[PDB]
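Just the heavy atoms: all of them, side chains too, but no hydrogens, waters or symmetry mates, feed the values below. Chain A is the first sequence line, chain B the second, and so forth, proteins listed ahead of strands; every chain is numbered from 1.
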Protein chains: 6
Amino acid sequence: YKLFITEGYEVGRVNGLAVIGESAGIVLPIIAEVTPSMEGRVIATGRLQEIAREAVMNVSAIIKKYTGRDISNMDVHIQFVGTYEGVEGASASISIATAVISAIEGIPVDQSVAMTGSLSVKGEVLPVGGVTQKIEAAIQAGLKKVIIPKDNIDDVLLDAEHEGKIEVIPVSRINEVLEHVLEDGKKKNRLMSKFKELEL
Amino acid sequence: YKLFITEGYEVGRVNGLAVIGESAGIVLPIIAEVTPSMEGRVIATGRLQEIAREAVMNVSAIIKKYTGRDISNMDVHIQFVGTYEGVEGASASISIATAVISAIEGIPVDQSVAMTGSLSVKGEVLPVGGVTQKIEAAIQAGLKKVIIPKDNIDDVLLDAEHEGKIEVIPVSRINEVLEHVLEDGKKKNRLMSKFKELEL
Amino acid sequence: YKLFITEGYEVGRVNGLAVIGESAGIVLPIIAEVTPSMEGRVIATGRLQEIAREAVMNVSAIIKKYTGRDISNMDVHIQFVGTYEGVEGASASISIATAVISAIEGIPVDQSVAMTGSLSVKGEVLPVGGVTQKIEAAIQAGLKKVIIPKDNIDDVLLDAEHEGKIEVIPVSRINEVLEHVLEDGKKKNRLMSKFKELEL
Amino acid sequence: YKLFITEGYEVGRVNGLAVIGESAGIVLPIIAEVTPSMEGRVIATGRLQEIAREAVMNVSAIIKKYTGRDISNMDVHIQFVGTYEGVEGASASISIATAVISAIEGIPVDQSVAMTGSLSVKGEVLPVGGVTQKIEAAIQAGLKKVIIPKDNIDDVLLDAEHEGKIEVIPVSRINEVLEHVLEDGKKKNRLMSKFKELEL
Amino acid sequence: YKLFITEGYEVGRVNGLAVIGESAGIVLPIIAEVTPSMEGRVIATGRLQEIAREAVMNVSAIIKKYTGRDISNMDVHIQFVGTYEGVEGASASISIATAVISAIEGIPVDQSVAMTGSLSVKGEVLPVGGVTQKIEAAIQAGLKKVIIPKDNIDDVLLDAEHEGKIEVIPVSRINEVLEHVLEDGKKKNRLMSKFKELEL
Amino acid sequence: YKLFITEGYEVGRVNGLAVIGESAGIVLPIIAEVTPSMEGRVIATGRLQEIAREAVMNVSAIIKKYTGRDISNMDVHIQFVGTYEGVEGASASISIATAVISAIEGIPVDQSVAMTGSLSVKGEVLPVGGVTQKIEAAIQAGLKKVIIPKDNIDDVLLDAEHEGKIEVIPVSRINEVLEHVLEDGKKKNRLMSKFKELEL
């Protein structure tokens with residue numbers, strides 16, 4: 001069995017990438033759900049819960065500023081699939097942020113893409129460590145694409161036999177991640193129109 | 001004596017399956033109780049407490065989204081019957097989730113069924129390890145049925161003399177687990193009507 | 001001297017039974033005290049502290065559900081009298097649970113009774129090991145009665161000269177334990193009226 | 001030199017009695033200090049640290065119940081004077097409990113008294129072993145009085161030439177120990193008034 | 001070479017005295033360092049590590065009570081210079097305590113002084129064994145002064161040719177040790193003002 | 001073959017010097033590795049493991065105080081190359097400390113240097129025994145430089161034909177050792193800037 005899905009589209013689920021130990025990359029699937037708060041809470045358990053809370057608060061800024069969704073009045077649940085000891089996740093991970101936006105908007109995410117990067121409260125995608133290791137993991141998982149921060153493109157020390165078993169997609173801003181992973185359709189179009197101010 | 005019940009119906013109690021060491025499967029009975037919080041707490045003690053907290057938070061998402069029960073304002077108590085060293089439980093175990101739903105709704109669970117699987121916050125049943133070992137344990141316990149994730153059906157390496165001393169029931173979503181284990185009646189019917197949106 | 005009391009009534013004190021090694025039964029007196037929390041804590045030290053924490057959390061469910069006492073806002077102190085190496089106690093021991101209920105309610109417990117059994121969060125008394133050894137210990141201690149789980153009645157391999165130097169009282173639920181050990185009076189009557197829903 | 005003081009009054013210091021080997025009694029002076037926690041801690045090091053932690057938790061119940069002092073928000077330091085191999089101390093020792101009450105209340109303790117006994121969380125003084133050996137040690141140390149549990153009075157196998165080189169004071173409850181060892185004055189009177197409910 | 005410094009001032013370093021075998025005194029230099037804990041730890045290795053842990057916990061009581069320093073949130077490192085087999089150190093050694101206070105406060109210690117004594121959690125200096133042997137060692141090391149507990153002044157069996165090749169300074173309390181060894185200045189004055197309550 | 005490298009630069013590896021028997025000096029190469037702790041451990045095996053544990057704890061103080069690295073959350077592995085009977089190593093050896101700093105910082109060490117000395121928790125280099133024997137060993141190994149404690153410069157009883165087949169470098173503090181052995185570059189410069197407070 002596998003803990004990640006590698007093809008097709010799913011709401012609320014993203015293949016993130018992480019590091020275990022110093023340099024063993026792993027695929028870290030995230031699943032998010034949002035519910036009415038019945039003062040909403042971020043609900044996460046386990047080792048990576050702080051990384052989850054930070055990612056949800058940062059994406060909440062962007063969700064409030066650009067889409068006007070009332071995320072402070074929602075409960076946001078973050079699940080990491082597969083509980084590994086000594087995982088390090090990217091702070092304010094873009095995979096968690098993307099999972100949340102997908103779950104709130106009801107727009108499926110491409111499972112054939114993996115991604116790593118740190119989300120700023122302004123919507124930027126900030127550079128992270130271990131990009132080569134994480135790419136290799138995505139290659140081993142048989143993913144088709146990997147999103148990485150622009151500032152980490154120099155940081156890909158592939159191989160000669162690995163370039164390219166995967167498409168690398170550099171990004172500087174969250175709207176770019178969403179263009180690359182959200183299923184095409186009317187809902188995606190409406191959403192992207194709301195981020196035009198972030199582009200500007 | 002036995003620590004599990006193997007026939008008839010009980011509110012709040014589910015026969016889960018776990019692994020001890022690498023491959024010794026065991027029946028892991030779960031009992032749940034929910035009380036008013038008099039900001040509710042998840043109360044669990046011992047080695048498997050994190051597995052319990054994760055399962056209750058994930059099922060809480062589904063309970064809030066689909067049934068509208070105010071679980072954040074309830075104390076949820078999770079008990080594992082029999083304290084074994086070096087048990088590994090399925091993350092976000094479906095047995096804990098089912099025990100909680102049974103306890104909140106007051107609908108008894110079939111004790112002749114055992115189950116293993118990981119619950120997603122979206123209501124999916126995700127694949128887990130050690131499925132053959134866990135099935136064997138249920139066979140040894142003289143259970144009649146075992147629920148496993150769909151994605152683990154290939155993972156059943158039974159025997160030739162063991163197929164079939166037990167009915168195997170593959171599942172992809174939590175509402176399926178509930179159809180298979182909750183006592184039939186008006187309360188079960190009302191509950192299942194609330195999950196039709198999960199089916200959809 | 002003796003570490004246990006064998007006749008008369010005492011608030012907060014119960015003669016539990018345990019096993020040391022494999023089959024040496026011992027009387028394990030428990031004393032409990034509850035104080036305002038001045039977020040309450042369970043306070044226990046030593047080898048059996050986990051058994052104590054589990055028993056107090058399970059009985060807390062029943063105390064909240066049926067009597068409405070705010071036990072989350074109390075400190076609960078559990079003392080085991082006599083510190084023996086390699087004691088094994090019944091998980092979620094009914095003696096600890098009974099000591100707590102006695103201490104909160106201020107209703108003395110019969111010291112001439114010993115008991116063993118595991119408390120479920122639902123209020124059931126679950127079967128335990130070493131029942132013959134534990135009964136013998138109570139006989140040697142000169143106790144008059146012993147409470148055991150119903151499911152362990154077949155498990156009493158007495159002797160021919162030991163049946164009966166003690167009254168054996170089988171139980172299935174916590175309210176039965178309380179009927180058999182709490183001092184008769186108005187406080188006991190009020191309490192038992194609150195458990196009628198557990199009977200039902 | 002001597003490790004114990006044998007006359008006059010000192011805050012926070014008590015001459016306890018212990019056994020080394022099987023029957024060599026020794027005077028075991030305890031010194032306690034309490035500080036604001038700046039979630040308080042019990043701080044003890046060495047072989048007898050568990051005995052110390054147990055005694056402080058048990059006396060904390062009584063301190064919270066009867067005097068209302070916030071001991072969970074204090075650091076409690078327990079020192080044993082003289083580090084002897086293979087000392088056995090009375091579980092939940094009344095000497096440690098008395099040292100703590102003296103230190104919190106600022107009321108000096110009579111150094112001419114030694115004591116042994118086990119404190120229950122309810123405030124009782126429970127019987128202990130080796131009472132003759134411990135009394136002899138106090139006699140050899142030239143102490144004037146020794147407090148022992150009531151239930152151990154039969155257990156004093158003195159001599160004919162030793163009865164009485166020391167005053168024996170039997171006790172059943174902690175308030176009695178405090179009446180016998182705390183320096184007389186207004187602070188002692190206030191404190192004892194708070195224990196009247198323990199007498200009752 | 002020598003393992004101890006015998007003149008001038010150094011932060012964090014104290015010449016303690018110990019016994020090897022039964023009566024061979026030695027100078028036992030201690031060096032301490034305190035760091036932020038980045039729940040602080042006492043870090044000590046080797047044979048005397050328990051003596052070190054005890055001394056640091058006892059001086060921590062005094063540091064918290066009188067100076068208000070948050071020592072529970074500091075890592076305290078204790079080093080013994082020269083690793084000798086079968087050293088016995090004074091329990092809760094005043095040299096370790098002084099090294100810690102010097103290191104936290106940044107106030108140098110006189111290397112021309114050696115000291116021995118046991119620190120109580122109340123700030124007293126308690127008597128210790130082998131005082132003559134330890135004094136002789138300080139004499140052989142060419143130290144100028146030696147601090148000993150008051151109660152050990154009778155215990156100095158010098159010689160006729162050794163009285164006095166060294167100044168003996170008797171002490172009853174820790175503030176006296178600090179008056180005698182800390183470098184004079186504004187920092188020492190501030191510190192000593194905080195101990196006036198210990199004098200009282 | 002040789003167990004030590006005598007020219008060029010290597011991360012994590014240092015040529016220390018030790019004594020076998022009374023006066024046979026040997027080159028004692030140390031290799032260190034640091035890993036995330038996945039509460040870190042010092043991992044060392046064999047005869048010199050205590051010397052290794054002491055050196056790592058002392059250098060940890062300096063690493064925490066001056067560079068802010070979280071070494072308590074790292075596993076530190078210390079290997080001694082060549083297992084000789086009856087080696088004596090310098091307590092808190094500066095070679096082990098240097099190997100650790102090199103491994104954490106990723107800055108190679110000059111293999112043409114050997115060193116001996118004891119590290120204080122304050123960062124001083126303390127004198128050690130057998131300096132002549134150790135220097136001779138480095139000469140025989142064909143090393144180019146040897147670092148020794150300042151206080152041992154009088155202790156070099158070379159020869160007339162041995163002065164100088166090697167450069168002797170006296171040191172008083174750890175930052176001096178690092179200036180002399182770490183490969184020049186930006187990483188070394190950054191590190192040395194953090195020790196300026198140790199110089200001061």
Which atoms of D/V131 approach chain C - backbone, side chain, both or neither, heavy atom under 4.5 Å: neither
CE-CZ distance between C/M38 and D/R69, expressed to the nearest 0.5 angstrom: 10.5 Å
Heavy-atom pair count under 4.5 Å with chain D, highest-scoring of C/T45, C/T35, C/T83: C/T35
Any side-chain heavy-atom pair of D/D151 and C/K2 under 4.5 Å: no
Between CD1 on residue C/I5 and CD on residue D/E124, distance to nearest 0.5 Å: 6.5 Å
Inter-residue atom distance D/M57.CE - C/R41.CZ, 0.5 Å rounding: 8.5 Å
Portion of C/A32 that has a non-hydrogen atom of chain D nearer than 4.5 angstrom: backbone
Over 12 non-hydrogen atoms of neighbours within 6.0 angstrom of NZ in D/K150: no
Neighbour count >12 (heavy atoms, 6.0 Å) for atom CD, C/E163: yes
C/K144 atom NZ, neighbour heavy-atom count above 12 within 6.0 Å: no
Worked verdict on D/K65 versus C/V34 for side chain to side chain contact (heavy atoms under 4.5 Å, CB included): CA-CA 8 Å; D/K65 199 155 192 103; C/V34 301; 4.1 Å; yes
Heavy-atom proximity to chain C below 4.5 Å, by part of D/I51: neither
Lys/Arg N to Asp/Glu carboxylate O, C/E33 vs D/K64, below 4.0 Å: no
Verdict with reasoning, C/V81 to D/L126, per side chain to side chain contact (heavy atoms under 4.5 Å, CB included): CA-CA 9 Å; C/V81 198; D/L126 306 181; 4.1 Å; yes
Shortest non-hydrogen separation from C/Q79 to D/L119 and the atoms involved: NE2-O, 3.1 Å
Derivation and outcome, side chain to side chain contact (heavy atoms under 4.5 Å, CB included), residues C/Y1 and D/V128: CA-CA 8 Å; C/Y1 64 100; D/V128 300; 5.7 Å; no
C/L3 versus chain D, the contacting section by heavy-atom distance below 4.5 Å: side chain
Among D/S72, D/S118, D/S91, D/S120, residue most engaged with chain C (heavy-atom pairs, under 4.5 Å): D/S120
Toward chain D, the part of C/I31 with a non-hydrogen atom under 4.5 Å: both
Check against side chain to side chain contact (heavy atoms under 4.5 Å, CB included), C/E10 and D/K122: CA-CA 10 Å; C/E10 284 291 315; D/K122 291 184 41 208; 3.2 Å; yes
Over 12 non-hydrogen atoms of neighbours within 6.0 angstrom of CD in C/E197: no
Over 12 non-hydrogen atoms of neighbours within 6.0 angstrom of CD in D/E85: no
